[PDB]
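# Summary of structural features
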Amino acid sequence: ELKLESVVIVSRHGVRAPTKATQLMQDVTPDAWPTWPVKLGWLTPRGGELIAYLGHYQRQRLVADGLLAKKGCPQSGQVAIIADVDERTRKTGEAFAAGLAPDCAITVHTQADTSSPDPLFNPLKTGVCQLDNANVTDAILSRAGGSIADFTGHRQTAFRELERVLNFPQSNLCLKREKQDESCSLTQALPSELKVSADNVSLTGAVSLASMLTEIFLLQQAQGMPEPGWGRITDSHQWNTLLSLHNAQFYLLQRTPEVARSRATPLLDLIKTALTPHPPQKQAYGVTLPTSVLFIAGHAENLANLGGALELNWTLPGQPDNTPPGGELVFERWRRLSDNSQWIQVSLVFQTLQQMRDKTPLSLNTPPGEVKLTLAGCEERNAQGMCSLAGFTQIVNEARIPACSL
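Parameters at a glance
- Residues numbered from 1 in each chain as written, not as in the entry; some residues may be left out.
- Heavy atoms only, no water.
- UniProt positions renumbered as here; feature names shortened; annotations may be inferred.
- Helix = DSSP H or I, 4+ residues; strand = E, 2+ residues; numbered from the N terminus.
- Rg over C-alpha atoms; globule rule 2.2 N^0.38 Å.
- Contact = heavy atoms within 4.5 Å.
- Areas by Shrake-Rupley, 256 points an atom, 1.4 Å probe, with all protein chains shown as cover.
- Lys, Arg positive; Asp, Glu negative; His and termini not counted.
- Charge placed at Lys NZ, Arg CZ, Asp CG, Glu CD.
- Disulfide = S-S within 2.5 Å.
- Buried < 20%, exposed > 50% of the residue type's maximum accessible area, 1.4 Å probe, protein only.
- Salt bridge = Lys/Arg side-chain N within 4 Å of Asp/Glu carboxyl O.
- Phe/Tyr/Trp six-rings, centres within 6.5 Å; stacked < 30°, edge-to-face > 60°.
- 1 Å grid on protein atoms, 1.4 Å probe; cavity = no way out; pocket = protein on both sides within 12 Å on 5 of 7 lines; lining within 4 Å.
- Points joined across faces, edges and corners; volume = space filled by probe spheres on them.
- Nonpolar A, V, L, I, M, F, W, Y, C, P; charged D, E, K, R; others polar.

The name given to the protein in the PDB entry is Acidphosphatase, with the source organism recorded as Escherichia coli. The UniProt entry for the protein carries the following text under Sequence similarities (unreviewed entry): "Belongs to the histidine acid phosphatase family."

### So, the overall build of the protein
When helices and strands are counted, the protein shows 14 helices and 12 strands. Against the 2.2 N^0.38 benchmark of 22 Å for 406 residues, the protein shows a C-alpha radius of gyration of 21 Å, consistent with a compact globule. With respect to the principal axes defined by its C-alpha atoms, the protein has extents near 75 × 45 × 45 Å. In the protein, the share of contacts with a sequence separation of at least 24, taken over all contacts with a separation of at least 6, comes to 74%. Only carbon and sulfur atoms are counted for the fraction: they give 49% of the accessible area of the protein, which is about 16800 Å². When the 36 positive and 39 negative side-chain charges of the protein are each reduced to one mean point, those points stand 4 Å apart.

### Brief notes about the state of the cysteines
Here the structure, examined in full by the defined rule, presents 3 disulfides. The disulfide bridge from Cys-129 ends at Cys-404, spanning 2.1 Å between sulfur atoms. Taking the sign of the torsion about the S-S bond as the criterion, the disulfide between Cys-129 and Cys-404, at about 100 degrees, is right-handed. Here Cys-129 is found in the loop between β3 (108-109) and α4 (133-143), whereas its partner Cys-404 is found in the segment after α14 (389-399), with 275 residues between them in sequence. Neither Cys-129 nor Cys-404 differs from the other in exposure class; each is buried. Through a disulfide, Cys-378 is tied to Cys-387; the S-S separation comes to 2.3 Å. Taking the sign of the S-S torsion, about 95 degrees here, the bridge from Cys-378 to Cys-387 comes out right-handed. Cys-378 sits in the buried class, given a relative accessible area of 7%. Classification of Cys-387 as buried rests on a relative accessible area of 1%. The connectivity of the disulfide-linked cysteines in the protein, indexed sequentially, is 1-2, 3-6, 4-5. The thiol sulfur of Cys-174 is not disulfide-bonded, and the nearest other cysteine sulfur, from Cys-184, lies at 3.4 Å. According to the relative accessible area criterion, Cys-174 is buried, its value standing at 0%.

### Details of the pattern of salt bridges
Enumeration according to the criterion identifies 13 salt bridges in this entry. We note a salt bridge from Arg-12 to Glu-215, for which the minimum N-O separation is 2.9 Å. With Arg-12 in strand β1 (residues 2-12) and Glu-215 in helix α9 (residues 205-222), this residue pair connects regions lying 203 residues apart in the sequence. For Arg-12, a relative accessible area of 4% translates into the label buried. According to the relative accessible area criterion, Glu-215 is buried, its value standing at 3%. For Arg-232, the salt bridge goes to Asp-31, with nearest N and O atoms at 2.5 Å. You can see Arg-232 sitting in the loop between α9 and α10 (236-253) and its partner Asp-31 sitting in the loop between α1 (23-27) and α2 (45-64), a full 201 residues away along the chain. On the basis of relative accessible area, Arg-232 is assigned to the partly exposed category, the value being 22%. Residue class for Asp-31 comes out partly exposed when judged on its relative accessible area of 26%. Salt bridges linked by common partners bring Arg-12, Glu-215 and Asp-321 together as one network.

### Re the side chain of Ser-388
Along the chain, the position of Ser-388 falls in strand β12 (residues 387-388). Other than its neighbours up to four places away in sequence, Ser-388 contacts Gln-342, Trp-343, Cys-378 and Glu-380.

### Observations regarding the packing of aromatic side chains
Applying the stated criterion across every chain, the model contains 5 aromatic pairs. Ring geometry for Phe-217 and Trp-230: centres 6.0 Å apart, planes at 80 degrees, overall edge-to-face. Taken together, the residues span a long stretch of sequence, with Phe-217 in helix α9 and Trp-230 in the loop between α9 and α10 at a distance of 13 residues. Residue class for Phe-217 comes out buried when judged on its relative accessible area of 0%.

### Some remarks on unusual backbone geometry
At the junction of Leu-289 and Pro-290, the peptide bond is cis and its omega measures out at 0 degrees in the coordinates. Position of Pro-290 relative to the elements: it lies in the loop between β7 (288-289) and β8 (293-298). With a phi close to 55 degrees, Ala-105 is a non-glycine residue in the positive phi region. We classify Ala-105 as exposed; its relative accessible area is 68%.

### Observations concerning the layout of surface pockets
In this structure, the largest pocket encloses a volume near 1200 Å³. What lines the largest pocket is a set of 37 residues, among which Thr-19, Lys-20, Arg-88, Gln-254 and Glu-301 lie closest to the centre. For the lining of the largest pocket, the secondary structure elements donating two or more residues are β5 (201-203), α9, α10 and α12 (300-310). Of all the elements, α9 adds the most residues to the lining of the largest pocket, at 6 residues. For the lining of the largest pocket, a count of residues per class yields 13 nonpolar, 12 polar and 12 charged. Looking at the second largest pocket, its volume works out to about 380 Å³. In terms of lining residues, the second largest pocket is bounded by 21 residues, among which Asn-247, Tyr-251, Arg-255, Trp-314 and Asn-322 are the most central.

Shown next, in the form of structure tokens:
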């Protein structure tokens, strides 16, 4: 009924070491954090291998869909790869290429200067545009339930789960509060406030600490470390409860449209240029678009920003992190044969946490998880839930912030 014409994959980088080692991380547990085999924030070898499995799976699926050849290397830019300048994203691009097309030496493009941020992955970071402080503050606080106190008050079960995994009551932070007649709870020992600036939004205290620590436990599990969370995380309900704190911070700071639309605008422009039929032309990064397959190696925020800007909602069965390492927002252009009309499908492809833990080789018979998505604002949908090309174009033009374009 339908023929696949084009695919754009926006991928988070693979498993990485923690990006920071702070004094507060030491003070909230009596135990020693496991050390990692690469520098802070770098991709691990295992993370690269997990990405290559997704590349291998995507080759098999795209061959089955008739888009790539079963044997040989894709020719003349049929496949293009763009990565953010960070080590972890560059090496994710290389790992994906190695799985998709081994020995084909597909180039991993970055911006010219790899020592400075690339605004494609967040235009606020180079000051292309700025957030509206009052609008962002009100929008985030409303999505939090009206205040950060309301937000943390409704999540005490998850904070107590994190405290148990940390053995928080025996930590230096708690032992000093016991000596000062103040009771030991993460949220009250580390009050959380929303900080909004022209170029960033963040949360302080327990909310951001919890978001980072629960991601570290997940990374430990995916890395195959023997005892993530000191062996105190023993079932799936516990994993889901812990990562709810991480996903909740992303819901506030990255999915909120008042942030997401600006942060996602350059990626929206690149996705639309890649998916829209037009005479091929070398554009950004020296990549010729449109082409058959474009893989973009970025960050968790990019997945969440695109989700918030485009009203794409999901949770990932079997994967506690809704923006997991190697997770892929996959945009596809399909041609309907009955009338040769053009349609856009979006899905979230991801390894389950168990597939990461077991280093499961992926294939058509053992596929990654996949969640089919719908653009909530699309008014022209086909029977398969895809948006018409014109409908998707209108949604993108409405969502994007022109001042944030490159």
